[PDB]
Amino acid sequence: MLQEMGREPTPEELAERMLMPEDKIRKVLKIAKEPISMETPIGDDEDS
DNA sequence: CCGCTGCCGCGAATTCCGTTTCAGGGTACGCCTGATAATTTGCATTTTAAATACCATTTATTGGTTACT
């Protein structure tokens, strides 16, 4: 759908294409993400 | 036949500060079924317009008349 429209799809249009209610799509989008490692260097210098 | 090379380990200052909390894998689909997580009623304890059943010590009405502008 992104290559067809040439941009990113809004959740409403995506919901239209999957034939599912908007809230279901939103719930899946928020569930999807995976946890972040506690050792990721947040400081530019790899100290902190 | 006890010498030298070559591997692999190990280590390299101190506080603060700053900052974008941030992204990237490229693989299917439709059944039965039990398995929870939702939703529906009744029964224990309060709290009940109040209603109720006794003790209580402290003014109220009081018992008014005998003196007298």
# chains A, B, ... in the order shown; residues from 1 in each chain; ligands from 1
call {"tool": "closest_atom_pairs", "arguments": {"of": "chain B", "to": "chain A", "cutoff": "9 Å", "atoms": "only C-alpha atoms (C1' of nucleotides)", "output": "Markdown table"}}
result
| residue | atom | partner | partner_atom | distance |
| --- | --- | --- | --- | --- |
| B:18 | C1' | A:43 | CA | 8.3 |
| B:19 | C1' | A:43 | CA | 6.5 |
| B:21 | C1' | A:42 | CA | 8.1 |
call {"tool": "write_last_selection", "arguments": {"atoms": "C-alpha atoms (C1' of nucleotides)", "output": "mmCIF file, in the first residue's frame"}}
result
data_model
loop_
_atom_site.group_PDB
_atom_site.id
_atom_site.type_symbol
_atom_site.label_atom_id
_atom_site.label_comp_id
_atom_site.auth_asym_id
_atom_site.auth_seq_id
_atom_site.Cartn_x
_atom_site.Cartn_y
_atom_site.Cartn_z
ATOM 1 C "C1'" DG B 18 25.276 17.398 26.042
ATOM 2 C "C1'" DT B 19 22.180 14.343 23.714
ATOM 3 C "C1'" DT B 21 14.385 7.561 24.785
#
call {"tool": "atom_distance", "arguments": {"atom1": "atom CA of residue A:48", "atom2": "atom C1' of residue B:16"}}
result
13.1 Å
call {"tool": "closest_residue", "arguments": {"among": "B:56, B:68, B:17, B:23", "to": "residue A:33", "atoms": "only C-alpha atoms (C1' of nucleotides)"}}
result
B:23
call {"tool": "closest_residue", "arguments": {"among": "B:65, B:57, B:22, B:39", "to": "residue A:40", "atoms": "only C-alpha atoms (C1' of nucleotides)"}}
result
B:22
call {"tool": "select_by_dssp", "arguments": {"residues": "chain A", "states": "alpha helix (DSSP H)", "output": "list in words"}}
result
residues 2, 3, 4, 5, 11, 12, 13, 14, 15, 16, 17, 18, 22, 23, 24, 25, 26, 27, 28, 29, 30 and 31 of chain A
call {"tool": "write_last_selection", "arguments": {"atoms": "N, CA and C atoms", "output": "PDB file, in the first residue's frame"}}
result
ATOM      1  N   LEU A   2       2.036   1.178   0.638  1.00  0.00           N
ATOM      2  CA  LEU A   2       2.981   2.286   0.625  1.00  0.00           C
ATOM      3  C   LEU A   2       3.527   2.538  -0.765  1.00  0.00           C
ATOM      4  N   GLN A   3       3.919   1.485  -1.474  1.00  0.00           N
ATOM      5  CA  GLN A   3       4.430   1.729  -2.817  1.00  0.00           C
ATOM      6  C   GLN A   3       3.322   2.176  -3.759  1.00  0.00           C
ATOM      7  N   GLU A   4       2.083   1.744  -3.524  1.00  0.00           N
ATOM      8  CA  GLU A   4       1.001   2.237  -4.369  1.00  0.00           C
ATOM      9  C   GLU A   4       0.754   3.723  -4.143  1.00  0.00           C
ATOM     10  N   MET A   5       0.566   4.141  -2.891  1.00  0.00           N
ATOM     11  CA  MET A   5       0.235   5.544  -2.656  1.00  0.00           C
ATOM     12  C   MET A   5       1.457   6.440  -2.736  1.00  0.00           C
ATOM     13  N   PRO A  11      -3.555   4.914   9.609  1.00  0.00           N
ATOM     14  CA  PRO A  11      -4.263   3.757  10.176  1.00  0.00           C
ATOM     15  C   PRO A  11      -5.695   3.617   9.705  1.00  0.00           C
ATOM     16  N   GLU A  12      -6.356   4.712   9.340  1.00  0.00           N
ATOM     17  CA  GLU A  12      -7.727   4.592   8.862  1.00  0.00           C
ATOM     18  C   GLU A  12      -7.780   3.868   7.525  1.00  0.00           C
ATOM     19  N   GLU A  13      -6.925   4.271   6.584  1.00  0.00           N
ATOM     20  CA  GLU A  13      -6.900   3.621   5.280  1.00  0.00           C
ATOM     21  C   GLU A  13      -6.465   2.171   5.404  1.00  0.00           C
ATOM     22  N   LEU A  14      -5.505   1.913   6.284  1.00  0.00           N
ATOM     23  CA  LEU A  14      -5.068   0.549   6.536  1.00  0.00           C
ATOM     24  C   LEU A  14      -6.209  -0.288   7.098  1.00  0.00           C
ATOM     25  N   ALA A  15      -6.989   0.294   8.008  1.00  0.00           N
ATOM     26  CA  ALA A  15      -8.153  -0.401   8.535  1.00  0.00           C
ATOM     27  C   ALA A  15      -9.156  -0.688   7.434  1.00  0.00           C
ATOM     28  N   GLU A  16      -9.335   0.257   6.514  1.00  0.00           N
ATOM     29  CA  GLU A  16     -10.218   0.009   5.382  1.00  0.00           C
ATOM     30  C   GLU A  16      -9.750  -1.194   4.581  1.00  0.00           C
ATOM     31  N   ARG A  17      -8.450  -1.271   4.303  1.00  0.00           N
ATOM     32  CA  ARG A  17      -7.970  -2.381   3.487  1.00  0.00           C
ATOM     33  C   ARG A  17      -8.004  -3.721   4.204  1.00  0.00           C
ATOM     34  N   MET A  18      -7.770  -3.761   5.511  1.00  0.00           N
ATOM     35  CA  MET A  18      -7.815  -5.047   6.195  1.00  0.00           C
ATOM     36  C   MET A  18      -9.215  -5.466   6.600  1.00  0.00           C
ATOM     37  N   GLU A  22     -11.089   0.254  13.388  1.00  0.00           N
ATOM     38  CA  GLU A  22      -9.926   1.109  13.608  1.00  0.00           C
ATOM     39  C   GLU A  22      -9.222   0.772  14.917  1.00  0.00           C
ATOM     40  N   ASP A  23     -10.001   0.561  15.976  1.00  0.00           N
ATOM     41  CA  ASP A  23      -9.430   0.310  17.293  1.00  0.00           C
ATOM     42  C   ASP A  23      -8.590  -0.956  17.314  1.00  0.00           C
ATOM     43  N   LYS A  24      -9.030  -1.997  16.612  1.00  0.00           N
ATOM     44  CA  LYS A  24      -8.243  -3.220  16.539  1.00  0.00           C
ATOM     45  C   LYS A  24      -6.871  -2.954  15.942  1.00  0.00           C
ATOM     46  N   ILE A  25      -6.827  -2.208  14.840  1.00  0.00           N
ATOM     47  CA  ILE A  25      -5.552  -1.883  14.218  1.00  0.00           C
ATOM     48  C   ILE A  25      -4.680  -1.101  15.179  1.00  0.00           C
ATOM     49  N   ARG A  26      -5.259  -0.116  15.856  1.00  0.00           N
ATOM     50  CA  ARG A  26      -4.468   0.686  16.779  1.00  0.00           C
ATOM     51  C   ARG A  26      -3.888  -0.178  17.888  1.00  0.00           C
ATOM     52  N   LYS A  27      -4.684  -1.119  18.389  1.00  0.00           N
ATOM     53  CA  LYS A  27      -4.223  -2.000  19.451  1.00  0.00           C
ATOM     54  C   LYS A  27      -3.052  -2.851  18.981  1.00  0.00           C
ATOM     55  N   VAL A  28      -3.144  -3.390  17.765  1.00  0.00           N
ATOM     56  CA  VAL A  28      -2.033  -4.183  17.242  1.00  0.00           C
ATOM     57  C   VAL A  28      -0.779  -3.334  17.080  1.00  0.00           C
ATOM     58  N   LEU A  29      -0.919  -2.138  16.509  1.00  0.00           N
ATOM     59  CA  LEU A  29       0.241  -1.266  16.357  1.00  0.00           C
ATOM     60  C   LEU A  29       0.920  -1.010  17.690  1.00  0.00           C
ATOM     61  N   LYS A  30       0.146  -0.781  18.747  1.00  0.00           N
ATOM     62  CA  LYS A  30       0.846  -0.521  19.999  1.00  0.00           C
ATOM     63  C   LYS A  30       1.427  -1.789  20.609  1.00  0.00           C
ATOM     64  N   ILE A  31       0.815  -2.949  20.371  1.00  0.00           N
ATOM     65  CA  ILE A  31       1.326  -4.172  20.982  1.00  0.00           C
ATOM     66  C   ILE A  31       2.662  -4.559  20.366  1.00  0.00           C
TER      67      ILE A  31
END
